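Next up: a single chain in structure tokens, the form deposited without ligand URA.
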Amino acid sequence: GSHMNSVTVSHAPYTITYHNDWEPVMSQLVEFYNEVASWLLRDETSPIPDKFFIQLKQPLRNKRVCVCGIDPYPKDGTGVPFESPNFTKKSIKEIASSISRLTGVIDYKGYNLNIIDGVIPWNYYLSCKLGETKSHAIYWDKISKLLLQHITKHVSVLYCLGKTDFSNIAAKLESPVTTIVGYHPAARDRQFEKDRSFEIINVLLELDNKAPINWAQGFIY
């Protein structure tokens, strides 16, 4: 469990390192990535190619919640969905602000969805053209379906950010996972501000006899 595995792909990043829990999809992933990477890699990307697949090192079988955004930040993507080491990205700041109001943690310097017990943050498409949101949907299409399908065999709740972004994706996903498709952190009329999806997640988990998420674990001090 503690040792990562590796497969070769034809183009950058040439090797994909991954946790055992992802084994069932890797052969397909390699096939699909070899099909599109040449086209994809002609653009500067967020994240860089060496970071495309680093989230495949995260275990899945101990996760109960996936928090999913459509693609990486248009700039400064780290390969960890939502992660902003300087805490400048609007999405993670708005998320932090909701969690602050939820948890009573008023003083903090950042927030990270990838250090919370039971939560896997996820970017549906694994790259975009640097500076251009959703620009690589055409390349990731089949890979993105493959990976999300795999994730939702493990998690109990899937929380998707952006109704236009995800209502179709969520609708067409055939899975027993419980879906919540909410407003995106930058929705007009400040709709995300009144959004209580993180609380809803915990209600659904507890209804299903599972432990709630401690969202305060995401804070950086």
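Start at 1 and count along the sequence shown; that's the residue number.
This protein has a second form, the form deposited with ligand URA bound, left out of what is shown; the following refers to that one.
Backbone and C-beta atoms of the displayed form are kept clear of ligand URA by more than 2.4 Å after its pose in the deposited bound form is superimposed, which defines the site as open. Segments offered: 65-73, 50-58, 37-45, 148-156. Contacting ligand URA in the deposited bound form at heavy atom distances within 4.5 Å is 65-73.
Looking at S127, you'd find every heavy atom of it more than 4.5 angstroms from ligand URA in the deposited bound form. Though the partner is left out of this view, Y139 does not reach within 4.5 Å of ligand URA in the deposited bound form, counting heavy atoms only. Under a 4.5 angstroms non-hydrogen atom cutoff, ligand URA in the deposited bound form lacks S98 among its neighbouring residues. Not displayed here, ligand URA is approached by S91 to within 4.5 Å at the level of heavy atoms in the deposited bound form.
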